[PDB]
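Reviewing the structure listed below.
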Amino acid sequence: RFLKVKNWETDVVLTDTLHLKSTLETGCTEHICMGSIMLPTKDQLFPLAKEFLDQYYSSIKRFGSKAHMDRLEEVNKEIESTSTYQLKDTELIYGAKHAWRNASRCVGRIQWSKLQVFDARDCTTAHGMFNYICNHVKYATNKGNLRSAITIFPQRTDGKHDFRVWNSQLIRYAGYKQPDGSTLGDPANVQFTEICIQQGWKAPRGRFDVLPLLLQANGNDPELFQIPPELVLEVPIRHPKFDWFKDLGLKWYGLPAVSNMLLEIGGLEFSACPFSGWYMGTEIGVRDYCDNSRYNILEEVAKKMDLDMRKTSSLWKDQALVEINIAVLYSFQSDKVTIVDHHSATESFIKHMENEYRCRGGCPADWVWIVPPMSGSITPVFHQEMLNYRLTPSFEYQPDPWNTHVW
Amino acid sequence: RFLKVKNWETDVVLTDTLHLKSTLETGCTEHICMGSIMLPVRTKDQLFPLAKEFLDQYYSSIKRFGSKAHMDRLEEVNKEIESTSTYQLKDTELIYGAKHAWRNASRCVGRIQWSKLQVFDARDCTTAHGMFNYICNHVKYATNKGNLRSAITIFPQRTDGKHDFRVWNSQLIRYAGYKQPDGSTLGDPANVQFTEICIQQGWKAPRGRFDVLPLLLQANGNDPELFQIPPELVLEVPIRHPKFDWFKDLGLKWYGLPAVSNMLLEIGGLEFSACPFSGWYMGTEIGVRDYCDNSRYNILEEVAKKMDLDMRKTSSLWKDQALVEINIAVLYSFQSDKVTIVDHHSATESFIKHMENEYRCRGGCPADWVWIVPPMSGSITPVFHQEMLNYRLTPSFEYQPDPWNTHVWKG
Ligand code: HEM
Ligand code: HEM
Ligand SMILES: CNCCN(C)c1cc(C#N)cc(CCc2cc(C)cc(N)n2)c1
Ligand SMILES: CNCCN(C)c1cc(C#N)cc(CCc2cc(C)cc(N)n2)c1
Ligand SMILES: C[C@H](O)[C@H](O)[C@H]1CNc2nc(N)[nH]c(=O)c2N1
Ligand SMILES: C[C@H](O)[C@H](O)[C@H]1CNc2nc(N)[nH]c(=O)c2N1
Ligand SMILES: [Zn+2]
């Protein structure tokens, strides 16, 4: 019932008690581990509210106080009467920070308490959503000195009035299939890119076209908006040693901003809750640049390095991979845009885990996602046992809206 | 019930039904995933169902399920259990058993090869000297002058738990580790405790950076005895780099034969506590783990120095750079000396083809993603993108506690 995790590099053993407060299910059973699978009413609501308000009043050292009891009372009355309830600003902020704190797949969580929360619960239209999002983008970007932020649109009601950002990230590049059979730009967004086209976006049909926002307010049909280009900070990618690198014509955007997730707080569902921080270098250089189903540039780079691409055992892919990742880091650093390398981020995460074990009794962590996609075992997270479990408040996956929405 | 796995690079979706045959626990529950946790005497009572389940599997595999031969064998094993409280495997069942434990080994990327395993039956062995002889023969056979052949040697099964056969070494071939009075380590830090035991038992330590350890062998619950493997039988590869001529002067070598000797083989409820097995290396085991773990040889610094990389900030990715070169060097050295080795790209591609074949022919392939994905360049290998299901099938290889922690000393 009380569980131990060991670091095999340092022998440090930590004891996890926080898991016993776990709520949602993992996908695993005693017979089958699903650790590597990517996606495994009035009655129901008050226990959820109570569990949340209990953790909130505990956090501000007011558990069992009149104000605690009075709020539980007030929320109970409001659910009984309205079928839902509204969070106080203080609860909203606490909830959103804790959803990040509880994100088991996030290596960046040492930062969890410095999150700027933008309350957009007064928003009613897609133009309003566009405005909130431009403001979030500019605040977070901060001329390259990135600051973590979340913007929270109105919560789900009857479920026919959902607010949604259809984009998977606030800032992403277009993808287009051609007669050629291949793909121009980002192949991950081909479908979304065409949804934008079929909605009326005039695509410049290039390799790095910032997609328009497709915003859905109050369950209405989503609408298109171009983010002011002056708000989209982008970085040209060069290498500190290879002068030819720049001629590949690679660039990426400074702001990583997930916009398709659902934020659950005290049983309330916030279906539009875009959040952003700053990149770990490997996200762009390993995943975005080198995944076979992404920009897939390994082959071209290896060629310019004149490596032996004859046999896999020359490790030409591995060599190119490192160089590409050195370039990403160097470019962001040169242009004074916040970025973290995988060594620095994973070391910070170990220190964070230790804080959380010490101060909270644990830290839910998903090893499959935490260990970087390159140089795994030379980062300390590789040797760290982690327990994965689901706490609330949380960020959850939700279905893509084009399958759900009724036009 | 059916379970699907998706490859996120190819969108290929596979369907697992084999998990229905899973028995042992994972350590996970609906409330906690223990997927990254490293380590998560029988009665007649529990033994006959385990025997029956095994023999049903064996007999189906030979297309003789429900045959007279099948039935007579069940009855013979049954009678043997109630009479002697255990039973003996026929040679054919032992071979099938050992091949299947490998096939079922979810942490093993090399399983495409599972059906080519040379099984050496050492169940007539009675003494530590007898074990030494069997292990020498296994090493010579598996080494095959560099043309490595997979093998397992299987000593007598557990009886009352008081007469266990054990190989105390964790691998048949491994280098000594010595902790110095100043706190530094000479040789392999992983093997310090084991090296000290060997020393206490009377091994004369050369005290260098690459001293091949003696074998410490326990037969029939007796105190273990030391033996030196003939050096002519220990194939080693000096490590050099195809382009960096200073790489050789780092003084590195490694042995060619990876041979796990501390696991327990379970077949039909029987426990084979000494079952050393061997294959050939994937380059990263040596180049990433053995050489570059901080708690192992830890050569990243000295290598990066000699490459004149910028070591002042981690964001230069100097460690990543030194890491790749070292791994190039390991593969180059092995290939140049004609010693079997596989790179992590080749090995993972073959694993995916194996895994797909297994889904089609067997209904599944249990796989531990945490172990299967290589410890460098994870996402540029196809396994990173492959969803896997981890579950436990028998026959199986299992961990067991280190014998110095449990052995009753005779004197
Ligand atoms: C401060 C800089 C941050 C860094 C360096 C960071 C790091 C990362 C990395 C490397 C991943 C894996 C992403 C992938 O492979 O797709 C990740 C996932 C995640 N992060 Fe963080 N993060 C940061 C800020 C945040 C913030 C501010 C939040 C929420 C407010 C957050 C919540 C999550 C969630 C929910 C996931 C999983 C998303 C999914 O499952 O696709 N991150 N983060
Ligand atoms: C044929 C060449 C082979 C290759 C390239 C191969 C590859 C590997 C690798 C890379 C690991 C992870 C090792 C570690 O990190 O400690 C492993 C684990 C394993 N392999 Fe294979 N293997 C091969 C043959 C075999 C054979 C012949 C058996 C038994 C018959 C076997 C059974 C296992 C077991 C039981 C584990 C888990 C070890 C543990 O949990 O510590 N392997 N193998
Ligand atoms: C799905 N994961 C692999 C591809 N990568 C690297 C990836 C894809 C998408 C999308 N859509 C989004 C991300 C961003 C994840 C993230 C979020 C935040 C707040 C910060 C950060 N550094 N990364 C990363
Ligand atoms: C414990 N895992 C990391 C250290 N490594 C790489 C490691 C430690 C020990 C031991 N003892 C043994 C091995 C060899 C595992 C193995 C076995 C076989 C049959 C083939 C193969 N390629 N590797 C590897
Ligand atoms: C199948 C496997 O779970 C999938 O490839 C995962 C592995 N680990 C990951 N880790 C991170 N951080 N991000 C990812 O997208 C993935 N993809
Ligand atoms: C804590 C974590 O499970 C541990 O470091 C694992 C990770 N993956 C591994 N994978 C392999 N092949 N071998 C290992 O020793 C490990 N170690
Ligand atoms: Zn699990």
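Naming convention: chains lettered A, B, ... in sequence-line order (proteins, then strands); numbering from 1 in each chain.
Annotation: B/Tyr391 is not in aromatic contact with A/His31 [ring centroid separation under 6.0 Å not met]. Here the two rings, on B/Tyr255 and B/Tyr175, have centers that are under 6.0 Å apart.
Of the possible donor and acceptor atoms, none in the side chain of B/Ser336 sits under 3.5 Å from a partner among the backbone N and O of B/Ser333. Using modelled atom types, one side-chain atom of B/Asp16 and one backbone atom of B/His19 make a donor-acceptor pair closer than 3.5 Å. Between the side chain of B/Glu236 and the backbone N or O of B/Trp254 there is no donor-acceptor pair closer than 3.5 Å. No donor-acceptor pair under 3.5 Å is formed between the side chain of B/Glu266 and the backbone N or O of B/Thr394. B/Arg174 contributes no side-chain N or O that, together with a main-chain N or O of B/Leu213, makes up a donor-acceptor pair within less than 3.5 Å. Of the possible polar contacts, none joining the B/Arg158 side chain to the B/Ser273 backbone as a donor-acceptor pair under 3.5 Å is found. Using modelled atom types, one side-chain atom of B/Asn144 and one backbone atom of B/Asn147 make a donor-acceptor pair closer than 3.5 Å.
No side-chain donor from either of B/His344 and B/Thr284 sits under 3.5 Å from a side-chain acceptor of the other. B/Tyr134 and B/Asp124 are linked by a side-chain donor-acceptor pair at a separation below 3.5 angstrom, with hydrogens and angles left out of the test. Between the side chains of B/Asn169 and B/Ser261, no donor N or O sits under 3.5 Å from an acceptor N or O. Between the side chains of B/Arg392 and B/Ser396, no donor N or O sits under 3.5 Å from an acceptor N or O. Remark: the B/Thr86 side chain and the B/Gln157 side chain contain an N/O donor-acceptor pair separated by less than 3.5 Å. Under the 3.5 Å distance criterion, with hydrogens and angles disregarded, no donor-acceptor pair is assigned to the side chains of B/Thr92 and B/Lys90.
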Passes salt bridge (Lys or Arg N to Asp or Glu O under 4.0 Å), B/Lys79 versus B/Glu76? Steps please.
-> CA-CA 5 Å; B/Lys79 285 182 63 184; B/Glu76 174 187 59; over 6 Å; no
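Across all their heavy atoms, B/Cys365 and B/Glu358 have their closest contact at CB-CB, 3.7 Å. Listed here is the closest heavy atom pair of B/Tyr141 and B/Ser150: CE2-O, 4.5 Å.
Residue A/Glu299 places its CD atom among 12 or fewer non-hydrogen atoms of other residues, nucleotides or ligands, all under 6.0 Å distant. More than 12 heavy atoms of other shown residues, nucleotides or ligands fall within 6.0 angstrom of atom CD in B/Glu80. The environment of A/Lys311 atom NZ is dense: over 12 non-hydrogen atoms of other residues, nucleotides or ligands sit within 6.0 angstrom.
Put simply, the residue from A/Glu385, A/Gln384, A/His383 that forms a side chain to side chain donor-acceptor pair (under 3.5 Å) with A/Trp8 is A/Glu385.
Between B/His354 and B/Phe351, the ring planes are tilted. Angles from 30° to 60° get that label. Aromatic ring orientation, B/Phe227 versus B/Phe132: parallel (interplanar angle below 30°, classes split at 30° and 60°).
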For residues 44-52 of chain B, run the donor-acceptor check on the side chains, cut-off 3.5 Å, and write out each pair with its distance to 0.1 Å, sequence neighbours left out.
unit_1  : atom_1 : unit_2  : atom_2 : d
B/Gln46 : OE1    : B/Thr43 : N      : 3.0
B/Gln46 : OE1    : B/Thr43 : OG1    : 3.0
B/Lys52 : NZ     : B/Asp56 : OD2    : 3.3

Side-chain donor-acceptor pairs under 3.5 Å in residues 366-377 of chain A, sequence neighbours left out?
unit_1   : atom_1 : unit_2   : atom_2 : d
A/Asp366 : OD1    : A/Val368 : N      : 3.2
A/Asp366 : OD2    : A/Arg105 : NE     : 3.0
A/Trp367 : NE1    : A/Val381 : O      : 3.3
A/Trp367 : NE1    : A/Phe382 : O      : 3.1
A/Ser375 : OG     : B/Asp320 : OD2    : 2.6
A/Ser377 : OG     : B/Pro375 : O      : 3.3

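Partners of B/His100 according to the ring-ring contact (aromatic ring centres under 6.0 Å, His included) rule, which considers only residues two or more places apart in sequence or in another chain, are B/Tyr96, B/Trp114.
Between B/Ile81 and B/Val77 there is a side-chain heavy-atom pair separated by less than 4.5 Å.
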